[PDB]
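Since the structure comes first, as structure tokens, the remarks are kept for the end.
Throughout, read-outs are computed from the coordinates displayed, never taken from laboratory work. Positions of Cβ are backbone-derived with ideal geometry, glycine not excepted, and every protein chain shown enters the neighbour counts.
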């Protein structure tokens, strides 16, 4: 009964961690490797900016670019600090319950 | 023994010295991990001390 | 562990961190950054006011 | 407090609101992000005294 | 709990190492010693001394 | 807030209009975006958690 | 009345030759003149530290 909730929290933690690793990349090779490892798709915009699409379970589809993240099914725009706050909340809860 | 941040080092010095920093961060990593791998081969060829 | 043949550039370690060894492994990130900062200070030692 | 009473407090996120006036800053948006001089302390300073 | 959270962090890192800019599972010819038990003991109980 | 406004037909201060957000706006145009005004985000994570 | 006495020095300030007694890796402000200069010239960027 506790392991189920821990599993959900860990799913969310992993989703947020993958997103954070994506928006903190500093090169095209790292972004492409993350897309290949986490089943993403890197498109190239017109102004020389790379966008990354990724579908995670807990949040849905997600579009990332220049430190910004947009969730469609949630209809949310998010910067880095808010994502990191949510990740820290999840980490705290999961570690505490573990 | 005070320069720990990279920003304070990057702005306090020239530009090319930035490129001899990022690779540093990578090199130690490989130099660490291979060591932790090499331990597995020399497993049954080391003696015990009293 | 394995140990590297002694050279003159290692005594600094024994002066920085005593109770230590001279192992053939790589050098930690902290010491590498320290050496790079030392080189930067040694090179630009005239522009400093 | 001779230094606090003679110093200029300003928030360095919003210079859009402040304007220069005779070697000091004044607000132009009715938000009070900066002011000149005060008789109170700030965090981390003279805690020991 | 040190052991538990240590293998936790080890798996989270093997997922992706930001310093190497790629995963650790996707390298077996440059750092070929991973996926071994001795690595798992050294990453968690081998003092840096 | 200011990026949501710029994506819409609303104006913003000049501090945020002097940035390189053209790519993010191109991305949000290619997805039919509709954000939630920044007051409901905490309310969202109150449910998503 | 002990404060009205003619007190004199009883403590010797140390010799601050080495850093790490005063200086550390932190951020501080800049002189008022350069602040006002940045506000006039660059009113659409946050005042750096």
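Candidates are the residues of the stretch C:16-37 that are within 10 Å of the chain's Cα centre (by Cα) and loosely packed, with under 12 Cβ neighbours inside 10 Å; the one that is nearest to residue B:9 (Cα to Cα) is C:30.
Residues of the stretch E:15-41 that are within 11 Å of chain B (Cβ to nearest Cβ), crowded, with 16+ Cβ neighbours inside 10 Å and part of a helix (DSSP H, G or I): E:38, E:39. Identification of helices (runs of 4 or more DSSP H) wholly contained in chain F with 1 or more residues that are more than 17 Å from residue A:79 (Cα to Cα) and facing chain A (nearest Cβ under 8 Å) yields F:41-48. Does residue G:32 count as under 16 Å from the mean Cα position of the chain (by Cα), under 16 Å from residue D:24 (Cα atoms), surrounded by 10 or more Cβ atoms within 10 Å (Cβ to Cβ) and at the interface with another protein chain (Cβ under 8 Å from one of its Cβ atoms)? Yes, satisfied. Number of residues in the stretch A:9-29 that are assigned to a helix (DSSP H, G or I) and more than 13 Å from chain F (Cβ to nearest Cβ): the value is 10.
Please specify each residue of the stretch D:1-44 satisfying the condition of being surrounded by 14 or more Cβ atoms within 10 Å (Cβ to Cβ), outside any strand (DSSP E or B) and more than 12 Å from the chain's Cα centre (by Cα). Selection gives D:14, D:15, D:16, D:17. Residue count for the stretch A:30-76 under the criterion of being more than 10 Å from chain F (Cβ to nearest Cβ), surrounded by 19 or more Cβ atoms within 10 Å (Cβ to Cβ) and in a loop (DSSP other than H, G, I, E, B): the result is 1.
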